[PDB]
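Take a look at the structure tokens below, where one protein chain is shown in two forms, each on its own, as structure 1 and structure 2.
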Structure 1
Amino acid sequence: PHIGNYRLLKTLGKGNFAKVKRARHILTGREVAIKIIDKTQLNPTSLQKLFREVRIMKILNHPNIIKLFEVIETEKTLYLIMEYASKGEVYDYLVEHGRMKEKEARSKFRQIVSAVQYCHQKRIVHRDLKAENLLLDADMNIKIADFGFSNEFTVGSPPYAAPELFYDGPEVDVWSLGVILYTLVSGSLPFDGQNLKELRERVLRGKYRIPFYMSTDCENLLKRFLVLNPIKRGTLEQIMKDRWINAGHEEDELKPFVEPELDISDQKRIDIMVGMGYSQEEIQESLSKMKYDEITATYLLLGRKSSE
């Protein structure tokens, strides 16, 4: 089975009003993830919120945020065609290999901090960063899923939730980032329990174990995220200057991401799409207007590696 130019493959997750399937673009062979939302199960209020959030997704253009390629809408269904992170959860990588060495943890956490700060600068707060939406692509780059989407439009976390949720501003992501950092360096959650009430007591206590292998610089950095009072947490713009974050990046200090200009005049890719049956003029119109249609999707997918 298919939708538009995509062959639908196995379901990756399901829940609430959404399903996400792996899929293969027929025109290019590139793999994608497709979120399928049955609109008949939504009231007019949820429908309006969904389309506002889709418009937010169209403005996320960061190399560590799952990228939207194409939107297909029928009378009954919304299809969101987006980047597929072929290695699944960071958690799966921690299970296989153990904790990351601090050099690898730093490389991935710089990507995560960049992605989240980039959204915060645009007034977009995740509010639900967790194991299930921290993903890795085929080249071990971080890809964060579901920025900007309300939980009912995700497939579906107490260990990561800020203690003030136990508030919807950027500080709640900063707490979750501290949990993430701790999981990267130790392979363990900083706060756990035999049930939710014990988990909550430990989160409110704010204390977590520092293993012998954790550097003092990593410990000090965690203290900037895992502060109970939300207003005393560091800002990401401040944390970007942290000594641990930039160890080994002497003249490459982490700074807010700046979007490169999108090259929409690659004639090699345009030549391929003309072969596919699109006209040069049609291609230029879709790309310059960024229509999120079958043409812009194809152009972007032709820029990725084949057969994956």
Structure 2
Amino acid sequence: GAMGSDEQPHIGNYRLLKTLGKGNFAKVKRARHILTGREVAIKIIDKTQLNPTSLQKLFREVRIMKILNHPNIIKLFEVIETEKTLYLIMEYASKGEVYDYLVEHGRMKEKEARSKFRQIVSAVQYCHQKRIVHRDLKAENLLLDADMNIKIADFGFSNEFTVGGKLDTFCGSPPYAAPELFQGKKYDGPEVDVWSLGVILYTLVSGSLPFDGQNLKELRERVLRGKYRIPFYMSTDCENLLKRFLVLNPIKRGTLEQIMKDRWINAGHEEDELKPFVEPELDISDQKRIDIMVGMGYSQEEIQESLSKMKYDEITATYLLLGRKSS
């Protein structure tokens, strides 16, 4: 029920603020953790409308969210579940979609594009290492947080539980689709995402899509032809890197691990060559945060049990949120 007088609604330990987007089966709201003051996004999924396959899908998608732990992939902090509703407490990326940002402010200088594209490549390679391929990239998958860091959203999930939902299924994906789709060839390997990453890099450095169609038919023709315009300001090294991604034969595209050695990717990072991401082991014995949580009224044995099992309960969420920047 009501938490405080004349206050916003809550769910668990979170104050629910503005709705960011609403869909068929899911809503997303901005929210503030009551205990720590940290800002979060909460995806709200009505379970009463889902059949068993939808439910079992939803469950394993949530489990994938728990497995993926990368600085540029939207991170899960807490799960709250009622009989009728599942709430997923996750990172909030205040600056919205990358392609919307590029439309608004124009192309990124190559230095800034390199910064975001290193983040994109690292995150997607890490998903590929874990055998998660998306094959459905669109602008919605790429977000920016308040520090202009890339946060990849919904990678490897179905759009059944997005705010676009079943209705907007096709609006955003054709510009990123690999030519194998329209040739009638297989469309399930990481090569597909590699092509899409080439489209993404083009949009970062040019502000535009490399294959632009007045409709589905013209977009298909350009994708199958594989030719795209090199702008006068684009560096030769950038142009050569695009050649690693936008290859018509999927067998001849470079793997992401190979492309990580590319010259343009590593300009300005001579002693910092991009390499496959290695998860650090999570520190679950930060006595400073543990003591704060005792102060919040949790017992140290409760804390130890929640962290050691990684339950995505209210304690592990607090501990993780205490490790992030406040306000």
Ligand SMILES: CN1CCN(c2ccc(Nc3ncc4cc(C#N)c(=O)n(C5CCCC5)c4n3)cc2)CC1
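Think of the rigid core as the biggest set of C-alphas that the two forms share within 1.5 Å after superposition. The first residue in the sequence of structure 1 is number 1, and each one after it adds one.
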Which depiction, structure 1 or structure 2, is to be taken as the form solved in complex with this ligand?
1
Of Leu94, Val71, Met214, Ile112, which is the single residue whose C-alpha shifts by 2 angstroms or more between structures 1 and 2 after core superposition?
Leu94
Verify the C-alpha shift of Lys143 between structures 1 and 2: is it 2 Å or more after superposing the core?
no
Core-superposed C-alpha of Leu80 shifting 2 Å or more between structures 1 and 2
no
Displaced residue check between structures 1 and 2: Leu129, CA, 2 Å or over, core reference:
yes
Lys255 CA shift between structures 1 and 2 in angstrom, with the core used for superposition
0.7
Between structures 1 and 2, how far the Cα of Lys197 shifts once the core is aligned, in Å:
2.3
